[PDB]
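For reference, the structure discussed in these notes is given below.
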Amino acid sequence: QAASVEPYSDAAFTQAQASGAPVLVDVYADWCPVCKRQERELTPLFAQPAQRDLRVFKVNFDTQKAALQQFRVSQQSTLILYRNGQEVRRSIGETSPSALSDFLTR
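If you're matching positions, the sequence shown starts at 428 in the numbering used here and goes up one per residue.
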């Protein structure tokens, strides 16, 4: 009953949606422009009241290689929050109104 984060765990991304609970995904890189520029918005963008009851797993391109190599993902800024087994919102490539819009639905 206190958040829930998983360091690079593609196997969790599915378990989070198959549980019908609030879980958002956030990919990061060694030093990408997204994770480097988002580090400043990580405060307000993650200060929401629903950010406490909303799980967040941080996956790295070093672990999701099979994902970026299979889906051709040359960037770590994907986002997808499932609410009770339903896709709320999603956005890739730095923050955006479509990426945070998922927080309004937890």
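The beta carbon of each residue, even a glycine, is placed where N, CA and C say it ideally should be.
| Asked | Found |
| --- | --- |
| Verify whether the separation of the beta carbon atoms of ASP437 and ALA526 is less than 8 angstroms. | no |
| Does the stretch 510-519 come close enough to the stretch 482-490 that 3 or more CB-CB pairs lie under 8 angstroms? | no |
| Which of the three DSSP states, helix, strand or coil, is assigned to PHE484? | strand |
| Quick one: what does DSSP say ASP437 is sitting in, helix, strand or coil? | helix |
| Between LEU531, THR532, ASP457, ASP529, which lies nearest to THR490 when the distance is taken from Cα to Cα? | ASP457 |
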